[PDB]
Every structure is written in structure tokens, then in C-alpha cells.
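Reading through the C-alpha cells given below for one structure.
Counting starts at 1 for both ligands and their atoms, following the listed order. Here is the naming used below: chain letters follow the sequence lines, and residue numbers restart at 1 for every chain.
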Protein chains: 2
Amino acid sequence: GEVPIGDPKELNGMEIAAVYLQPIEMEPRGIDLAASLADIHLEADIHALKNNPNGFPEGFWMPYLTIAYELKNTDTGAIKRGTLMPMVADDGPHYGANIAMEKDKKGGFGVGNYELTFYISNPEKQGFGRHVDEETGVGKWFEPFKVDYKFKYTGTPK
Amino acid sequence: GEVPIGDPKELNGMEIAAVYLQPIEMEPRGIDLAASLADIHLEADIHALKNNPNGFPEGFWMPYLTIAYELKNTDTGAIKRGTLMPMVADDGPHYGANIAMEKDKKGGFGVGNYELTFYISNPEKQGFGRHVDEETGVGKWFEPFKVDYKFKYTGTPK
Ligand SMILES: [Zn+2]
Ligand SMILES: [Zn+2]
């Protein structure tokens, strides 16, 4: 199951949605938390809107983004942070991370009320280039920004 | 104002076409050869085919590839190698490099018959993941490969 986290935002020429899923078995091994040690996969779905000012066609996945996350259980105060990594599934690329929830004994990450924040930086931080000549050039990149979501976490999708 | 280089190749779930155009100005600075030192901008246009085996939607740009090129003037025997870098223009993302031809201080890269080779490695080299679970997983990435083109360079179009 895919559970939507809050409502998707249209910001800075992109549609930015958050969902969580069952833990994802991913390769290459070692880069991310193993699926068996996780309770969910947190995903950011980020695609260009129409009239994207940085030259991305409508619907294209936005690549080379840096996406940090903060996940807060507002009931318990438990907080965890990390970064999502780029990967591909049978239905296309996304940003994601396996996350231990109930499995994490270092904090109160069980069923409850959560706040999720993404801190998103533009592709130039990873060295992705942009044409700036008059003939082929595009608009300047957005400055780093945050999007916030509130959701109820009800357990690993079933 | 793109000049086609040879015939496009379809392999490993991708269409791989090459074009050149006038030199472009890229940010961030100090990575790509400066436009004034160049004669052309070489581009690799790489998009998913139908039924891409790694889950990329048809038409999507293929991101996180490592791509080198070798360019050989078959008339003079002059050969140069470099890297293509990911970037976005007003027509979307591509891999490209500004290249000195007539302006190459070594000489031998003027108007003539050329062989161009791309050497391409998969996204895992750059930390890109893939789902491997039964429900949403995708197959292995291609091993490093090359594709070859033949074309006539008719001079700097700047
Ligand atoms: Zn994933
Ligand atoms: Zn370019």
C-alpha cells in the first residue's frame, strides 16, 4: 500500500508529494537501511509542473535534488533526520529512505501523530549544470526551501 | 540548430542519440570548457524506450549516467577524450560538453570526417538505487558499454 502524507504542494516549478510504503528491498546493498530492519519507506515524489522555469518538461522527474527530512512524533517528541536517496522502481524514479519506526528502540516512533519536513536544495548543489546563454538558457534555480506535512502513522502498510 | 551525429542507437532500455550545436554557457562555472574556447557543444540525448527494464518511463531522461566520449578525426587521426556532464537547457536535461575543434591548440580537429564514441556506465556508480522486491522491483543495470557514431563535422556553427 501507498499512504499519502498530507497534501502535495506546487512550489518552485515542481509538484512535491510525500508518501509512505512498506519497506523497500533495495540495491546496491549497504547504501540505505535494510528493508528487514525498517517499518516504512518514506518517499518524495517530485516532478516538473508545466512551465517549469528551469527547462524541465512537464511530468519529468526532478533529478539531483538534495532532500533532507525531519520526522517528528508530536505525541512523544521523538525526532529523526536523514536524507532521501534517488532510486528507481517499476513505476519510475523517486527519492526515498527506509525508516525504522516501531523497530527503532532509541526513540518513540510508534503509531501516532507526525510532522514531516523536507528541506530541498536545487540540483546545482550536486553539480548539475544549467545553460545560461541567451539561446538555450533557463531560469535560475530556486533557493533551498522547506515543505511541511502532518499525518497519522498507523503502522506498516498492509 | 542542432546537427545530428550519425544514427541513434537503441539498447539497454535507452535511445542514445548524439548531436552538436554551438557552444553554450553553463553554470556552475569552471567545469565545462568556456564557450569562447569551444567550437561546439556535444550532447548525448538519452531517454527511456518503451518497457525499459529498469523502470524508467518511456521518454524520461536517463539520469545519473557516467558518460565519457572519444572523438576521432579519421582524416587526421587526431583523437581527444573527455567527459559529458549532466545539465539542463531550455529543451530539458541532457549530457553535454563544450569542445574545442578548430580552436584545439593541438590541431587536427577541424572540418572533416569523425568517429564519436560514448562510454556509458550505469547509475549505481553514482549511488542511484533500485527496488529489487517482487512487487515493485526491476532488473539489473547494464554493464559499461560503448556506442559509436560516424559524422561529418562541417565547422563551428557559433
Ligand atoms: Zn525507494
Ligand atoms: Zn549542455
Side-chain angles (χ1 to χ4, degrees), chain A residues 2-3 17-29 31-35 38-46 54-56 61 64-65 67 69 82-99 123-124 127-138 157, chain B residues 1-2 17-29 31-35 38-46 54-56 61 63-65 67 69 82-99 123-124 127-133 135-138 158:
Chain A
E2 249 176 61
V3 177
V19 301
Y20 74 93
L21 330 64
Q22 69 286 358
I24 294 302
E25 193 66 43
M26 198 201 72
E27 281 193 7
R29 300 138 90 179
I31 303 184
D32 197 27
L33 187 62
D39 296 287
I40 67 174
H41 189 80
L42 177 57
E43 167 166 343
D45 290 329
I46 308 181
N54 305 121
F56 279 84
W61 181 60
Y64 303 96
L65 297 171
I67 309 174
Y69 68 88
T83 55
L84 304 184
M85 61 164 285
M87 71 188 72
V88 70
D90 68 349
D91 69 338
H94 72 273
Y95 297 95
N98 287 334
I99 303 188
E124 188 167 303
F128 185 83
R130 68 162 188 120
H131 289 214
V132 305
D133 49 285
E134 188 194 340
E135 210 89 344
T136 65
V138 306
Chain B
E2 308 173 1
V19 303
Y20 74 87
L21 62 153
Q22 71 285 354
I24 61 85
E25 295 168 42
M26 199 191 76
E27 290 186 7
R29 292 295 181 200
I31 300 300
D32 193 34
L33 183 65
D39 291 291
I40 64 174
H41 190 74
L42 176 62
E43 295 187 347
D45 282 326
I46 310 185
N54 306 109
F56 275 87
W61 183 60
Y64 297 93
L65 296 173
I67 307 176
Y69 74 86
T83 65
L84 305 177
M85 291 293 288
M87 64 190 83
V88 67
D90 58 4
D91 63 345
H94 69 270
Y95 296 96
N98 278 350
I99 299 187
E124 298 194 7
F128 189 89
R130 72 186 169 99
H131 291 213
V132 299
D133 53 300
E135 193 183 358
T136 69
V138 301
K158 71 182 170 273

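- Remark: B:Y95 engages B:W61 in a ring pair (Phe, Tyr, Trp, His ring centres under 6.0 Å) (not counting sequence neighbours).
- Nearest heavy-atom pair across A:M87 and B:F128 is C-CZ, 3.4 Å.
- Using a distance-only test at 3.5 Å, with no hydrogens or angles considered, a donor-acceptor pair links the side chain of A:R130 to the main chain of A:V138.
- For A:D90, there are no side chain to side chain donor-acceptor pair (under 3.5 Å) partners, not counting sequence neighbours.
- Considering only heavy atoms from C-beta on, B:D45 comes within 4.5 Å of B:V19 through its side chain.
- Excluding water, every protein N/O/S atom under 2.8 Å from the Zn ion (ligand 2) is given here by residue and atom: A:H131 NE2, B:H41 NE2, B:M87 SD, B:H94 NE2.
- With sequence neighbours excluded, no residue satisfies side chain to side chain donor-acceptor pair (under 3.5 Å) with B:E135.
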